[PDB]
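First up is the structure itself, then whatever we jot down about it.
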Amino acid sequence: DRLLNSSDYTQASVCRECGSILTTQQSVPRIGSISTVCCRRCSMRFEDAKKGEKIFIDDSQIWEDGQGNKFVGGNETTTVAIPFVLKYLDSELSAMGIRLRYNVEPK
Amino acid sequence: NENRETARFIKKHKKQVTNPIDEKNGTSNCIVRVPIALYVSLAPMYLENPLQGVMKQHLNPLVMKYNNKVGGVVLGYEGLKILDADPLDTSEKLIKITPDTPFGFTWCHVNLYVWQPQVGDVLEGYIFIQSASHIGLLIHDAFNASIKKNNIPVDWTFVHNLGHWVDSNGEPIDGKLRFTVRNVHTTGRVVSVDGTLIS
Amino acid sequence: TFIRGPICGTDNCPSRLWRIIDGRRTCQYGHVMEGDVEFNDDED
Amino acid sequence: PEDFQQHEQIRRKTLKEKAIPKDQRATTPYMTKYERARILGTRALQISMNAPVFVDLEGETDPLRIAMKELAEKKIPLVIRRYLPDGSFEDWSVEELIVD
Amino acid sequence: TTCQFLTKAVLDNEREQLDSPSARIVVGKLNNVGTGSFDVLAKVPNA
Amino acid sequence: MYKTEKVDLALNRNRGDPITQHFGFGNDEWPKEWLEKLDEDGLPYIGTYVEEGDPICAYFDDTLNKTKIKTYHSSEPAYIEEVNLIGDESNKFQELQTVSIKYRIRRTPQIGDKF
Amino acid sequence: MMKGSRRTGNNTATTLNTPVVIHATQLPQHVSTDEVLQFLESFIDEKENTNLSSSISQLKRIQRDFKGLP
Amino acid sequence: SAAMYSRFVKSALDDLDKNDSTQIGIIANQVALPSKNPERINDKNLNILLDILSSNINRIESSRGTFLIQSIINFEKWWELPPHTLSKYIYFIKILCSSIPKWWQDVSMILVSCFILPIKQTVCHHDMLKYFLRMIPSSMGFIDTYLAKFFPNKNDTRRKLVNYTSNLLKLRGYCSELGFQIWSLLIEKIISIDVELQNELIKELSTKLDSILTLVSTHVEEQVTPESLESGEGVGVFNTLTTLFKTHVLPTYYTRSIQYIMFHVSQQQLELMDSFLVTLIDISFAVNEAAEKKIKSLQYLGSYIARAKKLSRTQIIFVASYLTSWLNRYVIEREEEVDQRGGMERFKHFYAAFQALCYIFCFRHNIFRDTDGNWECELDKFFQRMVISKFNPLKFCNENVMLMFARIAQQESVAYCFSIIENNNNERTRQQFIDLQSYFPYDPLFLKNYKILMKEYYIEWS
Amino acid sequence: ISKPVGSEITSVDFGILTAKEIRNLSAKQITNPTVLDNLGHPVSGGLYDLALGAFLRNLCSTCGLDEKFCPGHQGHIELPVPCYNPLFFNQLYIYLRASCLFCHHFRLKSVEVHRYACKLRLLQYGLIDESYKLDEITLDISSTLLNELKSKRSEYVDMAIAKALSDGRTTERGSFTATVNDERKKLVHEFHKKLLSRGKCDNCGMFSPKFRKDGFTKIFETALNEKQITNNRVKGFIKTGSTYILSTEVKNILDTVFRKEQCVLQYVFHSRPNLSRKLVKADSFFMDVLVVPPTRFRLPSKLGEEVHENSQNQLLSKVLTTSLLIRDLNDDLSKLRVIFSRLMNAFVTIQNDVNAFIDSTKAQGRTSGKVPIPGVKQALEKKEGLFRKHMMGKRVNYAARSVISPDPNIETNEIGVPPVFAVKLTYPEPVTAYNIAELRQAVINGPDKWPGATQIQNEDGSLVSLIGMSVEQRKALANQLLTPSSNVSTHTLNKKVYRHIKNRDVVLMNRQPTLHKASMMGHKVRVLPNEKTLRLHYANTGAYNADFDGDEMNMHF
Ligand SMILES: [Zn+2]
Ligand SMILES: [Zn+2]
Ligand SMILES: [Zn+2]
Ligand SMILES: [Zn+2]
């Protein structure tokens with residue numbers, strides 16, 4: 001009760017491949033599309049699409065930001081419950097250059 | 001170096017089971033069965049009737065929406081199979097309450113039937129109406145399709161009014177039409193379908 | 001008592017604000033503004 | 001499709017490992033005063049959310065006092081998962097224990 | 001000496017299992033002592 | 001109990017800064033019930049029951065054209081005991097930018113008050 | 001604000017909306033017209049004995065698509 | 001301007017192989033003018049311009065192609081086009097289903113926002129629904145839920161409310177496959193106004209309940225007809241109201257003026273009432289039900305019988321074939337816990353229904369005579385036996401309902417418990433037993449206007 | 001509890017981010033150090049960019065959301081020099097002082113390194129005794145024969161683990177026990193002593209002089225004493241005192257060391273067994289590109305009628321001004337002495353600002369500036385900081401403190417509560433069919449009379465208050481509780497009317513010196529009218545050890 005449920009009860013989003021909390025992100029949709037949740041470091045831009053005879057996509061990893069960059073990657077997230085200060089430490093561990101590659105068990 | 005890491009991406013999107021051109025109708029086969037595993041959140045109020053709670057809360061809003069995991073519009077389901085957390089089949093199975101909620105989560109096997117559009121497919125469905133630059137269709141009385149003049153040859157003109165079609169035989173075209181499917185675009189909530197005609 | 005400032009959500013109208021519990025600010029009808037941060041500092 | 005087959009086969013066999021059945025279970029046949037807490041929390045936490053109440057509640061508004069009316073009659077449908085610090089476990093129903 | 005250990009723990013590649021109460025609180029996990037050492041599971045009457 | 005409070009506009013005012021804001025109301029406004037706590041110079045009646053949320057002085061600036069009153073910055077039922085209109089030193093003639101205001105917090109012996 | 005707050009209802013995905021992990025346990029296997037129309041005869045007979053009133057009609061159109069005429 | 005403006009916008013048609021978007025943001029912005037502005041488009045440049053739009057979409061469509069499609073869909077008062085171009089403007093929205101299967105979202109934003117406007121204003125939208133909802137199955141979700149997103153505000157006038165209800169009632173007669181939610185959004189949000197009037201028992205709210213709910217009771221009266229019960233779905237409308245009355249209105253406290261919608265429908269024939277009260281036997285007498293969700297239905301049943309005119313006299317004995325037969329079961333089983341040391345607080349279920357049987361007896365008195373001077377199953381002997389028992393029901397019934405049980409049983413010589421009524425001064429938590437012995441679900445209604453529809457089918461005093 | 005949580009976290013990993021994946025996650029690098037100008041503007045390409053979350057009530061670039069819903073983001077900074085992380089100059093200096101700068105190896109032996117290589121392979125599983133018996137199984141230095149000794153030790157260890165994996169002793173995940181962890185700190189600390197002290201190399205006779213450091217900036221190749229200069233060339237046949245070495249030349253040494261002696265360092269760093277086989281390189285020691293914290297974690301403080309600048313933007317722009325200057329000084333020596341003395345001083349103010357971004361007790365600086373401006377190590381090292389300050393010592397909602405008082409008319413398991421407390425503390429009570437007799441009267445009262453409620457909660461999550469209403473709307477909404485939602489996701493979730501605190505709620509209590517744990521107990525609340533302090537019984541005050549001199553005891557509902 002007194003360290004999560006009544007101080008900083010936060011339900012963030014965790015990418016279940018790279019293991020982060022900050023770098024998840026609600027997708028800025030196309031004007032008829034639906035704002036999903038896409039990560040950052042699992043997401044590579046669409047430019048890396050070298051070459052079955054083609055590399056066609058089934059409309060899964062294709063998301064854009066408010067900047068408009070087509071990224072391919074970054075899906076498969078979920079909802080956890082962390083204290084917010086953990087998210088603050090994760091930035092301050094990133095400031096040192098130290099990640100927190102988590103594990104999230106329903107997979 | 002970067003030749004076996006690309007196989008993480010080539011195996012990522014490409015679906016395995018194709019749509020073979022079956023019974024020589026011109027149509028391929030696109031209704032396909034696959035079994036899955038959910039991860040439900042059973043209600044406390046559906047403790048007495050836990051089969052009705054899994055279906056109503058997670059399976060009745062599952063049909064007739066495009067699903068990004070199977071890659072298909074979920075047509076229908078049948079046959080829920082709630083697992084157990086006691087590895088002892090029988091009636092009184094037992095599920096695991098989350099420590100902070102009264103909501104207890106578990107595993108379920110269930111069987112789905114979806115629709116499978118791909119590239120390189122050729123299908124047949126009724127045309128509803130048309131224009132002088134696009135022609136829209138219906139497939140299986142559930143599925144749209146649109147064929148536009150950038151998929152249509154040059155000599156197919158247009159009798160003008162509802163204005164009908166003029167092919168190289170000079171006839172307004174019928175309902176059912178053979179067509180080759182282009183990239184499917186799921187931008188709207190309604191599943192939009194693109195298609196071509198030339199080989 | 002209301003200020004010249006931002007418009008927010010809760011779908012009342014283009015609205016205005018004022019603080020009631022000093023940092024969980026609300027609209028006219030007491031609807032909670034979702035997620036303010038309320039910068040402060042303690043002295044000694 | 002194929003690598004979740006190499007993921008549920010491994011896990012549920014590993015889940016099948018550390019179970020200790022009704023003949024091999026040799027921990028205490030008592031309700032160890034924290035079991036009585038977390039039952040009376042989570043049973044009362046379900047009854048707040050319109051879970052079915054297997055007792056004749058007669059003018060009680062508190063989920064806690066309602067849940068202490070089902071424990072007095074051994075009605076609570078929970079199974080206690082007593083872990084052991086190797087990882088193993090023994091599964092215990094509310095009916096087969098003695099409330100002090 | 002917080003970052004003195006944090007020096008070595010990243011030098012350790014320490015897959016911390018979050019089983020001490022001075023670590024389950026850091027991630028806000030349910031603590032493993034008392035009413036949190038054991039799970040509570042609901043036996044539904046129907047298949 | 002008693003306590004006094006400095007009301008300083010010159011704490012913000014620089015040396016060559018002109019005399020910008022002035023005690024009293026102005027124009028392009030009419031917020032009422034400030035006239036029920038304050039007097040025409042924007043300094044309150046002595047002996048008027050103030051609280052938190054209540055205007056304590058009206059200084060109408062001329063760079064924003066609105067009376068931005070400040071407020072009694074405590075949580076106890078006070079009054080105003082006496083107000084002093086404080087002049088300035090380096091000149092003889094400019095308007096005041098320093099007021100002192102004396103408060104009368106009454107404190108009966110409630111339960112807990114030590115003997 | 002005005003556009004960012006109603007995006008909680010855009011996704012509207014609690015745990016009472018979506019399953020958490022969706023893993024196809026096996027391979028996709030195609031179902032023929034004699035199997036689909038027998039599936040659609042079986043399953044739609046079950047959900048007609050609540051909501052889902054919209055998608056039942058949507059599957060009746062696919063049902064009549066393999067037995068009748070538009 | 002005759003054919004000049006056709007080649008003028010045929011040069012704006014050329015923006016697929018020229019890609020400059022010069023003339024895109026002028027005329028579509030000129031048609032983005034408001035409807036009361038006399039600077040905007042006429043009807044002559046309405047024809048051939050949209051023939052470029054109906055017959056061509058490939059030479060427009062991009063992210064830039066959104067612009068000249070937004071301002072044409074969102075053209076307000078779009079039925080104020082000439083009928084020789086209403087054929088053409090629909091012919092652009094016809095192909096809008098077929099151009100890109102996404103933009104049907106955007107018209108349905110405006111179809112339901114014009115449900116505020118009446119049938120005499122917006123009759124053309126009903127022809128668009130049946131001719132295209134058959135076409136598009138995979139959109140029925142936000143069709144069903146935009147009656148809540150485009151829902152009228154709670155403090156509207158009647159002009160936004162008397163006509164929004166008219167788009168809901170006419171439409172299911174030709175959209176008979178969308179489903180359950182259509183009827184429910186009335187009963188859901190009739191109670192937003194219902195509870196805001198009996199706490200006020202200024203006159204904005206009453207005519208929302210008088211004359212706009214009049215349309216609700218009129219349309220459902222037209223859905224029960226002697227051919228929809230024989231071959232149509234007059235029982236289907238009875239189905240979707242039977243499964244709805246048990247959800248939104250019965251568990252809510254102190255709820256008048258709304259249950260008449262159920263009360264007006266199932267009063268016609270022998271079929272609907274012999275499936276609505278035998279359903280209520282499964283409600284108000286089941287052991288598996290909650291014993292605190294049964295006092296109100298045994299109070300709801302009590303005032304249905306003595307306030308409904310079109311029920312047969314052999315159907316009222318059908319109540320006393322089971323309600324008095326329910327007292328053929330308490331007489332054997334549970335007359336033996338009183339000598340066990342316990343008060344009568346456990347039997348608040350038992351005196352709940354026993355009020356309702358005396359609530360019939362305080363009203364139905366001149367019905368069950370014969371020529372031979374008898375009564376149906378000895379009516380002047382049943383209330384003698386169950387009152388002089390060892391339960392003392394005179395204290396656990398209300399004084400007003402025993403003021404009226406006494407004067408009736410004195411004139412016709414039914415009961416003579418008068419000296420035991422007098423013996424309750426030296427005989428005598430509590431609030432849940434006085435209110436429900438005075439809450440009657442079929443009170444004589446304060447509304448004078450709805451009683452036009454319910455002059456006969458609701459009983460007067462005598 | 002009507003906002004449930006799905007998946008959950010169980011374990012944490014560590015390790016150092018690549019130079020590559022800081023760019024894969026964030027290509028929004030920053031070049032403008034000047035943060036705010038006239039009209040207070042957040043410049044794009046500066047530290048307060050909108051691409052790192054929204055700021056000043058704007059909308060975010062990449063989140064697309066307001067300042068209230070964006071988390072902020074990260075942003076790299078291109079450092080053209082290898083600024084090493086100052087928390088790793090301990091390690092790389094020690095791996096330098098054995099890495100022979102001539103033979104591209106250590107000074108050590110082939111098999112002496114292999115012993116500590118092979119024993120840590122045994123100490124990453126649940127086996128210690130075979131790590132000692134590995135030293136037992138051994139056998140004119142002829143390396144033609146001693147490859148059999150290489151073929152003998154690990155061949156057992158190929159099968160000693162395979163013997164152990166045949167048991168239920170260890171798995172390939174490994175086994176990490178304190179007694180395994182205790183002996184792991186006995187190889188490595190002894191492994192980090194003889195490497196630190198060697199005369200020559202072994203596979204050659206050539207070697208380097210003593211590296212001498214300074215306060216975590218400079219690295220010197222000192223003047224070799226005149227006995228040992230000849231000792232490189234009397235074997236090698238068949239500049240001034242303390243020559244400075246820089247992190248580019250240091251990275252030149254650390255290429256063929258982590259490449260060639262990889263098998264040892266695969267197990268020294270990775271305590272657990274390696275299910276990832278990523279190679280060990282010096283790029284994890286150095287910070288090749290930095291990161292920028294979110295906007296929400298970087299705004300300047302404010303007090304009084306003022307604003308006070310953050311720590312981590314003064315010393316983040318001072319990086320970038322040096323990043324400006326080290327970009328500006330590029331063409332000067334690129335188009336032609338003392339220009340190198342102008343150049344070498346640019347590798348200190350870029351060194352002292354990765355030193356000041358992270359540390360502040362490890363920075364030289366200028367003066368002693370009244371506990372100077374912190375890095376991020378100093379944000380984490382005191383009683384204050386973060387862990388004891390706001391991770392162990394989290395301040396709580398729904399909590400009060402007051403002055404205790406005697407009262408002998410309450411039960412010993414109780415507390416007396418004033419109506420001042422009794423109209424503020426709320427309990428999120430969900431609605432059912434048994435509490436509806438009370439929760440309807442809770443909304444009628446509101447926060448005016450005590451048996452009441454403050455705000456309610458529909459099936460959406462709306463906190464519709466009850467302050468502005470009156471007996472019209474308060475009687476109306478109480479019957480708006482049992483009306484279920486036609487939103488399909490919200491048909492289980494019932495409504496949570498936040499009532500007040502009643503006569504039946506039980507509440508923690510807390511003296512501020514809690515030495516025995518019985519200073520922290522729980523009490524049935526009895527709400528006492530006509531009061532302004534807590535009321536305690538004498539049975540309690542022998543347990544809390546709090547006499548009635550007026551002590552501030554906290555209270556937690
Ligand atoms: Zn990541
Ligand atoms: Zn709103
Ligand atoms: Zn962003
Ligand atoms: Zn060598």
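Numbering starts fresh at 1 for the residues of each chain in the structure tokens, the chains themselves are lettered A, B, ... in the order given, and ligands are numbered from 1 as they appear.
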
Restrict the distance test to only C-alpha atoms, flag each residue of chain B within 7 Å of chain D, and return the flagged residues as number ranges by chain.
B: 44-45, 47-48, 87, 102

For the selection just defined, write its residues with C-alpha atoms to a file, as an mmCIF file, in the first residue's frame.
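What landed in selection26.cif:
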```cif
data_model
loop_
_atom_site.group_PDB
_atom_site.id
_atom_site.type_symbol
_atom_site.label_atom_id
_atom_site.label_comp_id
_atom_site.auth_asym_id
_atom_site.auth_seq_id
_atom_site.Cartn_x
_atom_site.Cartn_y
_atom_site.Cartn_z
ATOM 1 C CA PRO B 44 -14.646 -12.018 -10.139
ATOM 2 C CA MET B 45 -18.325 -12.044 -11.078
ATOM 3 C CA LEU B 47 -16.223 -17.150 -10.850
ATOM 4 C CA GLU B 48 -19.319 -19.360 -10.787
ATOM 5 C CA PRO B 87 -0.602 -30.143 -12.924
ATOM 6 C CA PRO B 102 -9.315 -9.921 -7.444
#
```

Would you mind listing what lies within 9 Å of residue H:224 as a ChimeraX atom specification, with only C-alpha atoms counted and same-chain residues fewer than 4 positions away left out?
/H:219-220,228-229,233-235,237-238,265-266,268

Could the residues in this selection be written to a file with N, CA, C and O atoms, as a PDB file, in the first residue's frame?
```pdb
ATOM      1  N   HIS H 219     -44.279   3.969 -30.632  1.00  0.00           N
ATOM      2  CA  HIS H 219     -43.615   3.081 -31.579  1.00  0.00           C
ATOM      3  C   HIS H 219     -43.632   1.633 -31.112  1.00  0.00           C
ATOM      4  O   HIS H 219     -43.819   0.720 -31.922  1.00  0.00           O
ATOM      5  N   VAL H 220     -43.420   1.398 -29.815  1.00  0.00           N
ATOM      6  CA  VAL H 220     -43.437   0.028 -29.322  1.00  0.00           C
ATOM      7  C   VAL H 220     -44.867  -0.506 -29.267  1.00  0.00           C
ATOM      8  O   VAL H 220     -45.075  -1.723 -29.303  1.00  0.00           O
ATOM      9  N   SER H 228     -47.304  -9.349 -36.105  1.00  0.00           N
ATOM     10  CA  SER H 228     -45.928  -9.525 -35.662  1.00  0.00           C
ATOM     11  C   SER H 228     -45.814 -10.539 -34.538  1.00  0.00           C
ATOM     12  O   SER H 228     -44.711 -11.020 -34.266  1.00  0.00           O
ATOM     13  N   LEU H 229     -46.925 -10.871 -33.885  1.00  0.00           N
ATOM     14  CA  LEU H 229     -46.959 -11.947 -32.908  1.00  0.00           C
ATOM     15  C   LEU H 229     -47.203 -13.300 -33.553  1.00  0.00           C
ATOM     16  O   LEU H 229     -46.860 -14.329 -32.959  1.00  0.00           O
ATOM     17  N   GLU H 233     -41.910 -10.347 -35.524  1.00  0.00           N
ATOM     18  CA  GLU H 233     -41.101 -10.352 -34.311  1.00  0.00           C
ATOM     19  C   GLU H 233     -41.700  -9.441 -33.252  1.00  0.00           C
ATOM     20  O   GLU H 233     -40.987  -8.689 -32.581  1.00  0.00           O
ATOM     21  N   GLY H 234     -43.023  -9.488 -33.086  1.00  0.00           N
ATOM     22  CA  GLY H 234     -43.640  -8.813 -31.958  1.00  0.00           C
ATOM     23  C   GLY H 234     -43.307  -9.446 -30.628  1.00  0.00           C
ATOM     24  O   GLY H 234     -43.345  -8.765 -29.599  1.00  0.00           O
ATOM     25  N   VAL H 235     -42.998 -10.743 -30.626  1.00  0.00           N
ATOM     26  CA  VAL H 235     -42.425 -11.386 -29.453  1.00  0.00           C
ATOM     27  C   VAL H 235     -40.933 -11.072 -29.340  1.00  0.00           C
ATOM     28  O   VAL H 235     -40.394 -11.041 -28.224  1.00  0.00           O
ATOM     29  N   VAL H 237     -39.542  -8.118 -29.941  1.00  0.00           N
ATOM     30  CA  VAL H 237     -39.487  -6.863 -29.199  1.00  0.00           C
ATOM     31  C   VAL H 237     -39.869  -7.105 -27.739  1.00  0.00           C
ATOM     32  O   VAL H 237     -39.332  -6.462 -26.828  1.00  0.00           O
ATOM     33  N   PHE H 238     -40.772  -8.055 -27.491  1.00  0.00           N
ATOM     34  CA  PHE H 238     -41.018  -8.512 -26.128  1.00  0.00           C
ATOM     35  C   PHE H 238     -39.798  -9.205 -25.536  1.00  0.00           C
ATOM     36  O   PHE H 238     -39.575  -9.119 -24.326  1.00  0.00           O
ATOM     37  N   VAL H 265     -46.995  -2.535 -23.057  1.00  0.00           N
ATOM     38  CA  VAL H 265     -46.859  -3.478 -24.166  1.00  0.00           C
ATOM     39  C   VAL H 265     -47.544  -4.800 -23.848  1.00  0.00           C
ATOM     40  O   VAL H 265     -48.452  -5.238 -24.563  1.00  0.00           O
ATOM     41  N   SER H 266     -47.113  -5.462 -22.775  1.00  0.00           N
ATOM     42  CA  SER H 266     -47.601  -6.802 -22.449  1.00  0.00           C
ATOM     43  C   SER H 266     -48.859  -6.698 -21.588  1.00  0.00           C
ATOM     44  O   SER H 266     -48.883  -7.010 -20.395  1.00  0.00           O
ATOM     45  N   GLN H 268     -51.914  -6.895 -23.874  1.00  0.00           N
ATOM     46  CA  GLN H 268     -52.889  -7.082 -24.947  1.00  0.00           C
ATOM     47  C   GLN H 268     -53.544  -8.458 -24.899  1.00  0.00           C
ATOM     48  O   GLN H 268     -54.752  -8.579 -24.670  1.00  0.00           O
TER      49      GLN H 268
END
```

Apply DSSP to the backbone of this structure and, from stretch 62-128 of chain H, keep only the residues in helix (DSSP H, G or I); write these as a PyMOL selection string.
chain H and resi 64-73+83-94+96-99+104-113+124-128

Residues within 10 Å of ligand 1, counting only C-alpha atoms and all ligand atoms, as a list in words:
residues 14, 15, 16, 17, 18, 19, 20, 21, 22, 23, 24, 39, 40, 41, 42, 43, 74, 99, 100, 101 and 102 of chain A; 21, 22, 24 and 25 of chain I

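Near chain I, within 12 Å and using only C-alpha atoms, the residues of chain G are residues 1, 2, 3, 4, 5, 6, 7, 8, 9, 11, 12, 13, 14, 15, 16, 17, 18, 19, 20, 21, 50, 51 and 52 of chain G.
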
Do me a favour and pick out the residues of chain A within 9 Å of chain B, using only C-alpha atoms, as a list in words.
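Taking only C-alpha atoms into account, residues 30, 31, 32, 33, 34, 55, 56, 57, 58, 59, 60 and 106 of chain A sit within 9 Å of chain B.
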
List every residue of chain I that has an atom at most 6 Å from any atom of ligand 3, giving for each one its closest atom pair and the distance in Å to one decimal, counting only C-alpha atoms and all ligand atoms, sorted by chain and then by ascending residue number, as JSON lines.
```
{"residue": "I:51", "atom": "CA", "partner": "ligand 3", "partner_atom_place_in_ligand_line": "1 (Zn)", "distance": 5.6}
{"residue": "I:52", "atom": "CA", "partner": "ligand 3", "partner_atom_place_in_ligand_line": "1 (Zn)", "distance": 5.4}
{"residue": "I:53", "atom": "CA", "partner": "ligand 3", "partner_atom_place_in_ligand_line": "1 (Zn)", "distance": 4.2}
{"residue": "I:60", "atom": "CA", "partner": "ligand 3", "partner_atom_place_in_ligand_line": "1 (Zn)", "distance": 5.1}
{"residue": "I:61", "atom": "CA", "partner": "ligand 3", "partner_atom_place_in_ligand_line": "1 (Zn)", "distance": 5.5}
{"residue": "I:62", "atom": "CA", "partner": "ligand 3", "partner_atom_place_in_ligand_line": "1 (Zn)", "distance": 3.7}
{"residue": "I:63", "atom": "CA", "partner": "ligand 3", "partner_atom_place_in_ligand_line": "1 (Zn)", "distance": 3.3}
{"residue": "I:70", "atom": "CA", "partner": "ligand 3", "partner_atom_place_in_ligand_line": "1 (Zn)", "distance": 5.9}
{"residue": "I:72", "atom": "CA", "partner": "ligand 3", "partner_atom_place_in_ligand_line": "1 (Zn)", "distance": 5.4}
{"residue": "I:73", "atom": "CA", "partner": "ligand 3", "partner_atom_place_in_ligand_line": "1 (Zn)", "distance": 5.8}
```

Using N, CA, C and O atoms, can you export the residues from the last selection as a PDB file, in the first residue's frame?
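Generated output (out.pdb):
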```
ATOM      1  N   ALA I  51      11.461  17.635 -29.201  1.00  0.00           N
ATOM      2  CA  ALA I  51      11.719  16.255 -29.591  1.00  0.00           C
ATOM      3  C   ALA I  51      12.123  15.379 -28.416  1.00  0.00           C
ATOM      4  O   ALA I  51      12.362  14.182 -28.604  1.00  0.00           O
ATOM      5  N   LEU I  52      12.220  15.949 -27.224  1.00  0.00           N
ATOM      6  CA  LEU I  52      12.503  15.220 -26.001  1.00  0.00           C
ATOM      7  C   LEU I  52      11.335  15.360 -25.038  1.00  0.00           C
ATOM      8  O   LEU I  52      11.513  15.626 -23.849  1.00  0.00           O
ATOM      9  N   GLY I  53      10.123  15.209 -25.553  1.00  0.00           N
ATOM     10  CA  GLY I  53       8.928  15.506 -24.797  1.00  0.00           C
ATOM     11  C   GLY I  53       8.455  16.923 -25.041  1.00  0.00           C
ATOM     12  O   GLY I  53       9.167  17.773 -25.574  1.00  0.00           O
ATOM     13  N   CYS I  60       4.186  17.460 -27.975  1.00  0.00           N
ATOM     14  CA  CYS I  60       5.486  16.870 -28.227  1.00  0.00           C
ATOM     15  C   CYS I  60       5.680  16.583 -29.706  1.00  0.00           C
ATOM     16  O   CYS I  60       4.730  16.390 -30.465  1.00  0.00           O
ATOM     17  N   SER I  61       6.946  16.570 -30.110  1.00  0.00           N
ATOM     18  CA  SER I  61       7.292  16.251 -31.482  1.00  0.00           C
ATOM     19  C   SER I  61       7.037  14.778 -31.732  1.00  0.00           C
ATOM     20  O   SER I  61       6.186  14.412 -32.542  1.00  0.00           O
ATOM     21  N   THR I  62       7.744  13.932 -30.998  1.00  0.00           N
ATOM     22  CA  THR I  62       7.726  12.505 -31.268  1.00  0.00           C
ATOM     23  C   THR I  62       6.599  11.784 -30.531  1.00  0.00           C
ATOM     24  O   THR I  62       5.996  10.863 -31.096  1.00  0.00           O
ATOM     25  N   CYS I  63       6.272  12.191 -29.295  1.00  0.00           N
ATOM     26  CA  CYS I  63       5.092  11.636 -28.633  1.00  0.00           C
ATOM     27  C   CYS I  63       3.809  12.114 -29.291  1.00  0.00           C
ATOM     28  O   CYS I  63       2.800  11.404 -29.264  1.00  0.00           O
ATOM     29  N   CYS I  70       3.399  13.392 -22.240  1.00  0.00           N
ATOM     30  CA  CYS I  70       4.650  12.879 -22.773  1.00  0.00           C
ATOM     31  C   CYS I  70       5.593  12.518 -21.627  1.00  0.00           C
ATOM     32  O   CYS I  70       5.654  13.234 -20.622  1.00  0.00           O
ATOM     33  N   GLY I  72       8.744  12.493 -22.072  1.00  0.00           N
ATOM     34  CA  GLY I  72      10.047  12.926 -22.506  1.00  0.00           C
ATOM     35  C   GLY I  72      10.760  11.767 -23.154  1.00  0.00           C
ATOM     36  O   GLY I  72      10.256  10.648 -23.223  1.00  0.00           O
ATOM     37  N   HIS I  73      11.952  12.035 -23.661  1.00  0.00           N
ATOM     38  CA  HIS I  73      12.670  10.989 -24.373  1.00  0.00           C
ATOM     39  C   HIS I  73      14.155  11.149 -24.103  1.00  0.00           C
ATOM     40  O   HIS I  73      14.567  11.843 -23.170  1.00  0.00           O
TER      41      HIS I  73
END
```

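Inspection of the environment of ligand 2, which uses only C-alpha atoms and all ligand atoms and a cut-off of 9 Å, identifies the neighbouring residues as residues 9, 10, 11, 12 and 13 of chain C.
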
Excluding residue I:543 and residues on its chain fewer than 2 positions from it, collect all residues at most 10 Å away from it, counting only C-alpha atoms, and give them as a PDB file with C-alpha atoms, in the first residue's frame.
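Here's the written file part33.pdb:
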```
ATOM      1  CA  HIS I 516      10.443  -1.730  18.436  1.00  0.00           C
ATOM      2  CA  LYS I 517       7.926  -2.563  15.732  1.00  0.00           C
ATOM      3  CA  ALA I 518       5.054  -2.244  18.212  1.00  0.00           C
ATOM      4  CA  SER I 519       5.287   1.532  17.695  1.00  0.00           C
ATOM      5  CA  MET I 520       3.427   0.717  14.451  1.00  0.00           C
ATOM      6  CA  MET I 521       0.074  -0.864  15.196  1.00  0.00           C
ATOM      7  CA  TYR I 538      -3.300   4.532  28.230  1.00  0.00           C
ATOM      8  CA  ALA I 539      -2.906   0.915  27.101  1.00  0.00           C
ATOM      9  CA  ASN I 540      -1.365   2.244  23.909  1.00  0.00           C
ATOM     10  CA  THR I 541       1.103   4.685  25.421  1.00  0.00           C
ATOM     11  CA  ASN I 545       6.408   4.897  24.594  1.00  0.00           C
ATOM     12  CA  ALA I 546       4.899   8.339  24.048  1.00  0.00           C
TER      13      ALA I 546
END
```
